[PDB]
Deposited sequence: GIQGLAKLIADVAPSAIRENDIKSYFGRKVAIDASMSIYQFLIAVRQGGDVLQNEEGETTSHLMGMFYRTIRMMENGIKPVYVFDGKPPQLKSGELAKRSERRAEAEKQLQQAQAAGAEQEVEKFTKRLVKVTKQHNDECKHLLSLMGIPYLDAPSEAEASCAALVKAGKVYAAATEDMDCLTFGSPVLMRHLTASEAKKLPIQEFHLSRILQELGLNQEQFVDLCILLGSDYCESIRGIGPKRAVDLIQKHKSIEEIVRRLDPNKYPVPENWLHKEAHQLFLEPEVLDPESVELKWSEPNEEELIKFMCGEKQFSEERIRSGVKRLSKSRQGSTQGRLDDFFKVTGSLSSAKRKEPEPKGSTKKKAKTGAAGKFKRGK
């Protein structure tokens, strides 16, 4: 994703980031990045064990997940780098443990993260859950981080509101796009010149890199080799994503046998557990009709206790 972005925000617009508890997300439908997710678990039954447990925990708290996969990758920086020199096996093994649990899945036309955003900005889902801030660049209004973390790592989920980011940085999405690029995009080389905080300011009085370049020009702040500061700015805008309305995700009921006869058996693993597991997943289904108060009352804000003096 984007480099040093989280810190930049945290350091200049903390109002757009909140540290909520996994429970507060009850009733929310979220778009996840299966790819990265599947990866997270690895870093070989893990690609599914975590794909199992975690999705159970995400269910147990009322969160309705929709895993997403990538299609035909586009022109990513380090991506086509070895090409300057010239599998889905454990991947689809997951696209199975899912429908066998009654959990949706979608084949993104390219980059899922972009697709996830695509959804989020269509009311089809609440937030997008990845570890890469990219989603924000792609225009996604809400991004949730850590929603796939281990039950152990007691880390709360980190929410990000694009419309609050844009708010503080006083700049449109596009204007925000350029910032991400000069911050360190994984699509094209940034500019050795500008710094995290520095890169912001420039964009603030130069609504584009195209205008930022022609300004500072000495051999003291040179612009990259084959700088596609353009091609990229485009992707972050109009990516390749399956239409939101194209489909309606529906969480089905988990099939205990068919699945447990394709897990503890075909992939060998403690039966007692994956049984109580499928059991729990099936339970969480109960409150899959229970709406949120959000669904009816606008959120007023936050009452904060008065700062306590010192040991008086």
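Deposited-sequence segments unaccounted for in the coordinates: Those stretches are 44-58, 102-132, 359-379, listed in order.
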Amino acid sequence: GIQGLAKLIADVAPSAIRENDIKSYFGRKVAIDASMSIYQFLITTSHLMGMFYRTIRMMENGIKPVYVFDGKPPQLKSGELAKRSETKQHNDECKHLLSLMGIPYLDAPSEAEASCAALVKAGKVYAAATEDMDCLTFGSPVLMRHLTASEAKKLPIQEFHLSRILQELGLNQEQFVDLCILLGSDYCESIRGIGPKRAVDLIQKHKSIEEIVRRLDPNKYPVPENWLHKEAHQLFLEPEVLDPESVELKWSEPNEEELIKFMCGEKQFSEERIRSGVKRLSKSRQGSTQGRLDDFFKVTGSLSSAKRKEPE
From here on, numbers count along this sequence of modelled residues.
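Entry-level comparison of average CA B-factors, 27-35 and 255-263, reporting the higher stretch: The deposited B-factors put 255-263 ahead on the C-alpha mean.
118-126 set against 96-104, stretch whose average Cα temperature factor tops the other in the entry: Per the PDB record, 96-104.
Out of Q158, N91, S185, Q75, highest CA B-factor residue: Each of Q158, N91, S185, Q75 was compared by C-alpha B-factor; the highest is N91.
Member of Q204, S150, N219, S140 with the greatest C-alpha B factor (per the PDB record): The record points to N219.
Position of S282 among the chain's modelled residues by C-alpha B-factor, lowest, middle or highest third: Answer is highest: the recorded C-alpha B-factor places it there.
Cα B factor band for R84 (lowest, middle or highest third within the chain): Highest third of the chain for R84's C-alpha B-factor.
Relative C-alpha B-factor of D134, binned into the chain's lowest, middle or highest third: Its C-alpha B-factor belongs to the lowest third of this chain's values.
Record-listed C-alpha B factor of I274: chain third: For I274, the deposited C-alpha B-factor lands in the highest third.
Third of the chain, ranked by Cα B-factor, where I194 sits: Its C-alpha B-factor belongs to the highest third of this chain's values.
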